[PDB]
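> take these chains first, placed just as they are in the complex:
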Amino acid sequence: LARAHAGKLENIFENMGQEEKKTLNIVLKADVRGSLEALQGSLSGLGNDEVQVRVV
Amino acid sequence: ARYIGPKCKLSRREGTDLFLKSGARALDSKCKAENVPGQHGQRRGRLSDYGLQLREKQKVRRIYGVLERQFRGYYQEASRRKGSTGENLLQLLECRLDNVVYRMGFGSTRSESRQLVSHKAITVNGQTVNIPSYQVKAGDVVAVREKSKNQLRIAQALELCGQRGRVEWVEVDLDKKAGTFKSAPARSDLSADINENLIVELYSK
Amino acid sequence: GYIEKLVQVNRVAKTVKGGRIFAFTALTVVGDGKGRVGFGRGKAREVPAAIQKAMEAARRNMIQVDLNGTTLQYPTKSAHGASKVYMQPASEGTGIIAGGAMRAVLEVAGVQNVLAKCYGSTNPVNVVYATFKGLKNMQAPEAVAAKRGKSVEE
Amino acid sequence: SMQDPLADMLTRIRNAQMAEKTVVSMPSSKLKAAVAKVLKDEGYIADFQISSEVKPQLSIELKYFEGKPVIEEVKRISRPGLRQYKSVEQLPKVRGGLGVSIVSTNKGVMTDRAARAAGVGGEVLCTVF
Amino acid sequence: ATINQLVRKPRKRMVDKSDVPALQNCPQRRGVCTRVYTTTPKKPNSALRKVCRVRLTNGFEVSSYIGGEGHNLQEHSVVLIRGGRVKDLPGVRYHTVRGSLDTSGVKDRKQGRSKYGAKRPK
Amino acid sequence: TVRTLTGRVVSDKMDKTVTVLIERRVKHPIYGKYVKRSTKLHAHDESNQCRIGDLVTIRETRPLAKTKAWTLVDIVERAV
Amino acid sequence: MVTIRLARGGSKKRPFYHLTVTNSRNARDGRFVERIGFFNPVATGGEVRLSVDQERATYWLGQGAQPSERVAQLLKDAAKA
């Protein structure tokens, strides 16, 4: 809960500084925890300055 | 559970003697027992009928030191029994083992008699009982274990029970600390200040 | 008799040019606890004066009630206005099982085992009227024996 | 349309004691006569007389004692729309037994105390106090 | 009514409807938060009440009140709702449970802090 | 011995059997009034000697068809 | 067949037994035909250890009821006294 709140605070501050971003929301299931963490880490550098991808 | 804490705010809040100390020195010269406890002590504050009934029930419960659920059980048993539940409740309360040990002079107060009973120092029919709720029947012989007959507590308790009034329903054999329960004490054997009608009124609502 | 119960105290108002005048009304019951009972109403601009007027009014017009040793003769059912009242004798161990004005009336009159109930409007003053109407028309034996001899009727 | 004449007897007696009268006259019947007889036996009325000539009339003399009627409350229990029947142990006690309740048993019309004494139930007819 | 009329047609009992149609006989139900916003109370009162739109597992979509002095609820957060309407707000029939799934409870509360999901300060 | 039922004849259009109506009077469970109920039974008339309106008595035997398990033993009130 | 056996009641580590006449293919504590006494493995004090109806037991044994091993031993002990 604490990490979620801190991330929300930082993201809200940055977004209000810039403007808005178009999110692509995905629900990701995997077979092993290592694969899940690798996918989550690798699907974070794919966004842009106007579009971004979120794992909900 | 058990109420453990200041055992004299209860007397001030109830406004009666409500014996909880040994009665050795006094009650007035320990707490100025004329004000309700707390900051707002000087206020009088006349209260309502429900308040009077609640105060009466609390006074009885704090006299005999039992909690609410056991007291409700006592009330249900008194209602179930025949003949005027009002004094049936007192008949049943006056037969508990800790109260009987207190009345026999083995303990100074109810808490100390509870201390004695719970710590395996009392035998009822020649065999050990340590439940401070055991309803003693007419004709039992409450005694003290031989390994527990040299405790001073009993000595001071007996010499101080020597002057509080004659119970006249238990015979204590002072030299070897053995008692006898002749019968339950009738309503006329207790103080005529408790208004048990208020208790029955409170629970019948 | 001297037993005072303050059944009710209330604040009423009337309107004139300028605003409102407040008055205090009190309803009380008086009795000796052994047969006699009366009720009184008193109005003033002060609560103590209204209560004293109610007590003085209630001390008059006392009535005598026939009762079977702190217990009613037979079940009674009495009405006044929209208020209805049921009463019936109870055994010795019972207390007063009644609500509000009825409890004060019955305790003052001297009955101790009444097991009562009220229906309809529960206006305290009308309940008091209904309770005295029930209690006053209570016959008791040796008076119902106006017809014939006694011990054969029962 | 005179669906029930015994309730008419009771109502005539009631309305006549409200009006402070001494005598009540009505058409007679073998059940009204029994009810009047038991009422007299209990002392609620002074006398009852029955005339001749095919249209006999019952005349009841009322008591007053003090400035109030002797018959305080009277009411018909088993109307032609209910027909209440009771056993021995379920017979009502009006006003703790101070009053009486009329019961028609197979032994005739009588009072609740007589029915309890005889161990007989029956048809509750009316109640008087 | 008469005995004949009652025999021909017995007296009928009217059923009382539940105040909380969602959460059908359940003490609580969980849902996902679709909107978080503030509303204005009714006429005699003035405030800015915190309310959230919740889609339940029943398929219902209701409005729930968020108690306390501060919260951290966003869209797509999972919450547990219970009964109890807010009289001041029209159309709000449910309450959000503080400290159950994603609500985290009120911070710095020290009196009655069991209706708000706050632990003992110790 | 053997217990019987007594009632009216309401139909005799069938062959070697009759329809009998039995009237009972039952106290209502809650409102206390006495209401009248009817029972319809199919009884066995061997020689077709019962006509509509007759008051007869019947007893119980083994089933003789479906919906027919009663047999009549006496005609006691002949119809007009 | 029809047997006479012990149905267990009482509580944990405190068993009480009813001597019951049952169709053999019933539950141990299920339906029965008749109870003909009881057995108390602990007893003590004023409690009796076992009691049986002689009349009913003899009647059922005469009708072809097979008692169990415990029922046989207890019944012969009761007949001994």
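That came in fine, so what should we check first? Residues are numbered from 1 along each chain as shown, chains lettered A, B, ... in the order given.
> helix or strand for the closest residue to residue B:67 other than its chain neighbours, which one?
Spatial nearest neighbour of residue B:67, excluding adjacent residues (Cβ to Cβ, 6 or more residues apart in numbering or on different chains): residue B:1 at 6.3 Å. Every C-beta, even on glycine, is put in place using the N, C-alpha and C of the backbone. Here residue B:1 sits in a region with no helix or strand, counting by DSSP states H and E.
> surely residue B:1 meets residue B:68?
No: using Cβ atoms under 8 Å, residue B:1 makes no contact with residue B:68, being 10.4 Å away.
> for these two, indicate the residue with more neighbours.
With neighbours defined as other Cβ atoms under 10 Å in any protein chain shown, residue B:1 and residue B:68 compare such that residue B:68 has more, 10 against 4.
> does that one touch residue B:58 like I think?
No: the pair residue B:68 / residue B:58 is not scored as a contact, 9.9 Å apart, by Cβ under 8 Å.
> now the helices: where do they sit in chain A?
Here chain A has its helices, by DSSP state H, at A:2-18, A:33-42.
> I meant chain G, not that one.
Under DSSP H, chain G gives helices at G:54-62, G:69-80.
> show residues contacting the longest one.
With Cβ atoms under 8 Å, 6 or more residues apart in numbering or on different chains as the test, helix G:69-80 has contacts from G:4, G:5, G:6, G:19, G:39, G:50, G:51, G:52, G:54, G:57, G:67.
> tell me how far the third one lies from residue B:69.
It refers to residue G:6. 39 Å (Cβ to Cβ, to the nearest Å).
> nearest the geometric middle of chain B, what residue?
residue B:64 (3.5 Å; Cα atoms, centre = their mean).
> how about that residue, phi and psi?
Main-chain torsions, residue B:64, degrees, to the nearest 10: phi -90, psi 0.
> contacts only, for it.
B:93, B:96, B:99, B:110.
> RNA strand H next, sequence below:
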RNA sequence: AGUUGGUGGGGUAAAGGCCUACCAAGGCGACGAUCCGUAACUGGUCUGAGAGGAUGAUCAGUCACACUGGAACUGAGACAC
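If we add RNA strand H to the chains shown above, we get the following:
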């Protein structure tokens, strides 16, 4: 429209439209048939002064079911957990 009753015959451990061939036109229903929805039933349990209201967890009796739809065989007993 085998629907309701009669007769001859078959069938069952056993009465019976249970089945079959002829004969008749009956049978049920405002004392609620048929249809629609809902639901295992009872001893009992919870409330209530009582009358009533609500309800069939654990315990005991009965019923029905055994992935879904049918059928029989073996057997004293199954249409077979």
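> ok, how many other residues are close to residue 41?
Just so you know, I chose chain A. A count of neighbours around residue A:41, defined by other Cβ under 10 Å, yields 9.
> hmm, no, I was thinking of chain G.
Counted with other Cβ under 10 Å, residue G:41 comes out at 11.
> what does stretch D:96-105 contact?
With contact meaning Cβ under 8 Å, 6+ apart, stretch D:96-105 is reached by C:73-75, C:89, C:139, C:141, C:144, C:153-154, D:35, D:38, D:42, D:73, D:77, D:86, D:91-94, D:109-113, D:115, D:118, D:120-129.
> swap in stretch E:112-121?
Counting by Cβ under 8 Å, 6+ apart, E:67-68, E:97-100, E:103-107, E:109-110 sit against stretch E:112-121.
> again, only this time at 6 Å
With contact meaning Cβ atoms under 6 Å, 6 or more residues apart in numbering or on different chains, stretch E:112-121 is reached by E:68, E:98, E:99, E:105, E:106, E:109.
> and that stretch, what's buried?
Neighbour-count burial for stretch E:112-121 flags E:113, E:116, E:117, E:118 (criterion: 16 or more other Cβ atoms under 10 Å in any protein chain shown).
> roughly how far does the residue nearest the centre of chain E sit from residue B:21?
With distances taken as Cα atoms, centre = their mean, the residue of chain E nearest its centroid is residue E:94 (1.2 Å). Residue E:94 sits 54 Å away from residue B:21, going by Cβ to Cβ.
> work out for me the element the residue at minimal distance from the centre of chain C sits within.
Centroid-nearest residue in chain C: residue C:105, 3.7 Å away (criterion: Cα atoms, centre = their mean). Secondary structure assignment for residue C:105, by DSSP H and E: helix C:101-109.
> and that helix, does that touch chain B?
No: Helix C:101-109 is not in contact with chain B by Cβ under 6 Å from any Cβ of the partner chain; minimum separation 8.5 Å.
> now the sequence for RNA strand I, which goes on the structure above:
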RNA sequence: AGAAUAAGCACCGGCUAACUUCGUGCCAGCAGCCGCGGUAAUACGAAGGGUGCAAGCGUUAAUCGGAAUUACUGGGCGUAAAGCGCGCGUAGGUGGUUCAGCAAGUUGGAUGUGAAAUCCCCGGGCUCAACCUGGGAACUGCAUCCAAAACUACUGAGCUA
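Placed with the earlier chains, RNA strand I looks like this:
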């Protein structure tokens, strides 16, 4: 062996037992119903104090009660909701008054049944209680016989309000 190893939760404006200070200022918030909060808030948030319970305490959901608020026990319909616009009449409900009979309703008794457990009473065992258990009561009902004839029903014969 040593006091050694073990107390929290709700509430304090009225209903409803228990009150004051400090912050805030129609905000932040509270709330079961009335309702609180706009600069002295016993109602919001803390702190002191107090009141209920207590190895538990509160909240939510649900049933009955209070509700005589579906009123059989035990309510109403001139003006608060409630008499069809008014007749006639079918099923049904109800039935003036005398004899006589019958015995469906009705009343009394006997027999059988109404499983055990559960509820209740008197006892007995666990150190007490919960719990287990013996005997009794009850199961208010149903069926069959015997008896009674006031009332209702049915049958026959009358009388005129």
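> once more on the contacts of helix G:69-80, this time with RNA strand I?
Against helix G:69-80 from outside (Cβ under 6 Å, 6+ apart): G:4, G:6, G:39, G:50, G:52.
> state the pair within those that is farthest apart.
G:4 and G:50 (13.4 Å; Cβ to Cβ).
> which one's more surrounded, these two?
The neighbour count for residue G:4 versus residue G:50, taken as other Cβ under 10 Å, is higher for residue G:4 (25 against 17).
> burial count for residue 3?
Going with chain A. Other residues near residue A:3 come to 7 when the count uses other Cβ under 10 Å.
> wrong chain, I was asking about chain D
Around residue D:3 there are 9 residues (other Cβ under 10 Å).
> likewise residue C:33?
The number of residues packed near residue C:33 is 16, by other Cβ under 10 Å.
> was I right about it contacting residue C:112?
No: assessed by Cβ atoms under 6 Å, residue C:33 is found out of contact with residue C:112, at 9.5 Å.
> residues contacting the closest residue to RNA strand I within chain E?
The minimum distance from chain E to RNA strand I, using Cβ to the nearest atom of the strand, falls at residue E:83 (2.4 Å). Residues in contact with residue E:83 (Cβ under 6 Å, 6+ apart) are residue E:20.
> and it, backbone torsions?
Note on residue E:83: backbone dihedrals following degrees, to the nearest 10 are phi -80, psi 170.
> partner residues bridging it?
The partner list for residue E:83 in beta bridges (DSSP bridges) reads residue E:94.
> quick one, strands of chain F?
In chain F, the strands defined using DSSP state E lie at F:4-11, F:17-27, F:34-44, F:55-65, F:68-77.
> redo those as JSON lines? Include distance to chain B and mean neighbour count.
Below are the strands of chain F laid out as JSON lines (distance: least, Cβ to the nearest Cβ, whole Å; neighbours: other Cβ atoms under 10 Å in any protein chain shown):
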{"stretch": "strand F:4-11", "distance to chain B": "51", "mean neighbour count": "16"}
{"stretch": "strand F:17-27", "distance to chain B": "36", "mean neighbour count": "16"}
{"stretch": "strand F:34-44", "distance to chain B": "41", "mean neighbour count": "14"}
{"stretch": "strand F:55-65", "distance to chain B": "51", "mean neighbour count": "14"}
{"stretch": "strand F:68-77", "distance to chain B": "54", "mean neighbour count": "15"}
